[PDB]
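Engineer: Letter by letter, the sequence shown follows residues 62 to 176, 199 to 345 in PDB author numbering. Where is the CB? At the ideal position from N, CA and C, for every residue including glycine. Sharing a structure below in structure tokens format, with a few things to ask.
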Amino acid sequence: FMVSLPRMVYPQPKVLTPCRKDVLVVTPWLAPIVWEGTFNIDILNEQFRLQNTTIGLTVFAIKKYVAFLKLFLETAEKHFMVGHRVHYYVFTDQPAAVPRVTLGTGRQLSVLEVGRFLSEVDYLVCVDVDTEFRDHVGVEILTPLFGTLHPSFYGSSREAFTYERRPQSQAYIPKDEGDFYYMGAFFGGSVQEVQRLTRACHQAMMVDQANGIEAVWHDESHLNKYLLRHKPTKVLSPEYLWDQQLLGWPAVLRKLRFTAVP
Ligand SMILES: O=c1ccn([C@@H]2O[C@H](COP(=O)(O)OP(=O)(O)O)[C@@H](O)[C@H]2O)c(=O)[nH]1
Ligand SMILES: [Hg+2]
Ligand SMILES: [Hg+2]
Ligand SMILES: [Hg+2]
Ligand SMILES: [Hg+2]
Ligand SMILES: [Hg+2]
Ligand SMILES: [Mn+2]
């Protein structure tokens, strides 16, 4: 059940003015593509806060990657879901190497040692740890299932996408299929949908391994197969995982929100 929004004062949406004339802002299956200029964050914050939304943010930090956790968490504190309930889950082989990072109110961190989500959070966001937040990443992303446009491929034709191309792999996508090339480094959704996805990818990877084949881009290849056959209900623009060193700051990006660390 959803309670009413309060009175709010904001600019009227303009039916005869496009949000953007330079980019696609809705997919052919009517999922929004999230770019700066498309959303009013005050409206969305109200909607999600009224639901007391809790967001889980999951990161793996194994071996040398524990080195990335301090900048990742400190910047998440500044930029990720500020105002909302956040639960970070850090999966690591080195629990004692996790940095002591000061968290805002309503935000918590669990360290899980590696060799429940359903009761604790509403959405799960799964990201690589060698990254840092530089600008707002908020409730605009939340939806049952989302993927993010890979920054090297957002302007490419589908034939250039580096999908798995061998028919022998569960991850196979032929040259005449494919909407986008999604990044393995940043996807999420409701807990139920993320667990569906990871279960499907895990089963497909086991089949591939039993068959002697490893997809060309591993988890990312399988994510792209899944999102081909189960269309995401939002797609994030490359604002959401950019690489400024590799790719600069092109005019189509009004904000650089979350970026690879060198
Ligand atoms: O030795 C490793 C290798 C990778 N990872 C995790 O797996 C992700 C994927 O590897 P990485 O991001 O370095 O590869 P990329 O695709 O960015 O080059 C990393 O961000 C970490 O979250 C890790 O924890 N330890
Ligand atoms: Hg707009
Ligand atoms: Hg995850
Ligand atoms: Hg999959
Ligand atoms: Hg997998
Ligand atoms: Hg996957
Ligand atoms: Mn990475």
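(1) Using DSSP's beta-bridge definition, name the partner residues of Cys-209.
(2) Given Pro-93, which residues of its chain have a CB within under 7 Å of its CB, disregarding the five upstream and five downstream residues?
(3) Which whole runs of the beta strand (DSSP E) in the segment 283-324 are 3 residues long or more, in chain order?
(4) Would you say the beta carbon of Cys-284 is closer than 8 Å to some non-hydrogen atom of ligand 4?
(5) Could you name the residues, in chain order, whose CB is less than 7 Å away from a heavy atom belonging to ligand 3?
(6) Is there contact between the segment 156-170 and the segment 208-219, where contact requires at least three CB pairs shorter than 8 Å?
(7) On the DSSP bridge list, what partners appear for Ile-94?
(8) If you reduce the DSSP assignment to three classes, tell me which class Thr-245 lands in.
(9) May I ask you to report which of helix, strand or coil DSSP gives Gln-112?
(10) Hey, would you say the C-beta of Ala-343 is under 8 Å away from at least one heavy atom of ligand 7?
(11) Do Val-162 and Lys-131 have their C-beta atoms within less than 9 Å of each other?
(12) Could you tell me the distance, in whole angstroms, from the CA atom of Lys-82 to the CA atom of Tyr-309?
(13) Using CA atoms only, rank isn't needed, just tell me which of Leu-118, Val-220, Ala-243, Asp-213 is closest to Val-172.
(14) Looking at the structure shown, is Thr-342 part of a helix, part of a strand, or coil, going by DSSP?
(15) Beta carbon of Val-204, beta carbon of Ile-116: below 9 Å?
(16) Around the Cβ of residue 19, are there at least 16 other Cβ atoms within 10 angstroms (buried) or fewer (exposed)?
(17) Can you tell me the Cα-Cα spacing of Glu-135 and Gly-230, whole angstroms?
(18) The alpha helix (DSSP H) that contains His-148, what's its start and end?
(19) Let me confirm a value: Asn-307 is counted as buried when at least 16 other C-beta atoms fall within 10 Å, else exposed. Which label applies?
(20) Just to check, is the beta-carbon of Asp-302 closer than 8 Å to a non-hydrogen atom of ligand 6?
(21) Verify the contact flag: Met-288, CB atom, against every heavy atom of ligand 5, threshold strictly below 8 Å.
(22) For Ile-123, count neighbouring C-beta atoms within 10 Å of its own C-beta (all shown protein chains included) and say buried if the count is 16 or more, exposed if not.
(23) I'd like to check one pair, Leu-311 with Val-95: are the Cβ atoms closer than 9 Å?
(24) On the DSSP bridge assignment, give the partners of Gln-169 in chain order.
(25) Which residues mark the beginning and the end of the beta strand (DSSP E) in which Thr-231 is found?
(26) Would the beta-carbon of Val-299 fall within 9 Å of that of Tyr-246?
Structural biologist: The structure says:
(1) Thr-119, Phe-270
(2) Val-86, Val-87, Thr-99, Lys-317
(3) 317-319
(4) yes
(5) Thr-119, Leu-207, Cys-209, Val-277, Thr-281
(6) no
(7) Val-318
(8) coil
(9) coil
(10) yes
(11) yes
(12) 30 Å
(13) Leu-118
(14) strand
(15) yes
(16) No statement about residue 19 is possible, as the shown extent of the chain runs from 62 to 345 and does not include it.
(17) 24 Å
(18) Element bounds for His-148: not the alpha helix (DSSP H) but the beta strand (DSSP E), 146-153.
(19) buried
(20) yes
(21) yes
(22) exposed
(23) no
(24) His-148
(25) 228-231
(26) yes
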